[PDB]
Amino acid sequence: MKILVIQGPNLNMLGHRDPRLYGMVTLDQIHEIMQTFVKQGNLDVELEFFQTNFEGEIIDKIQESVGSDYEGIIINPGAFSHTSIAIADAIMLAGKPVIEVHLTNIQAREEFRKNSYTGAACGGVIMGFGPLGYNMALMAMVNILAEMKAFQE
């Protein structure tokens, strides 16, 4: 099964900036950890990784999850989580399972980070586990897609 990992604005700077707040592990390193999670689990999962600082590129990518190629999305929308009704609508419209991940606990930071339009549109949200949250999302997504398959059969 194909799982699309979408990483939003500023995430490409992971490990390179503000280690104290977001950690030393880079985005390329998180994605290799996700692939090793699959390999070791022998999961029937093909991951695709996509990062962008553009709202419109995120939406275009989500819409491309139309065709029977991608089954689920794992998304960290970054700061667009708090502001983008347009990505939230794209998630609602996608009609495939979407899981939201935040490295930090967005309940425990500035008041302006508390709202997540996107996260409200997603089936589930994971926050404050750093990079591990992404392996937690994989685990979850595999289970959700298998349970959807059982129900269809």
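Numbering starts at 1 and runs along the sequence shown. The term rigid core refers to the maximal set of C-alpha atoms that superpose within 1.5 Å between the two forms.
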More shifted region, core-based fit in 7 other deposited structures of this protein, 44 to 52 vs 63 to 71 by CA = 63 to 71
So which stretch wins on mean C-alpha B-factor, 20 to 28 or 126 to 134?
-> 20 to 28
Mean CA B-factor: is it higher for 139 to 147 or for 5 to 13?
-> 139 to 147
Which of these, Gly119, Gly67, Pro97, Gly56, has its C-alpha atom at the highest B-factor, as the entry lists it?
-> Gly67
Go through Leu103, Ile62, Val38, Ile85 one by one and give the residue whose Cα B-factor in the PDB entry is largest.
-> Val38
Tell me, lowest, middle or highest third: where does the Cα B factor of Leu93 rank within its chain?
-> middle
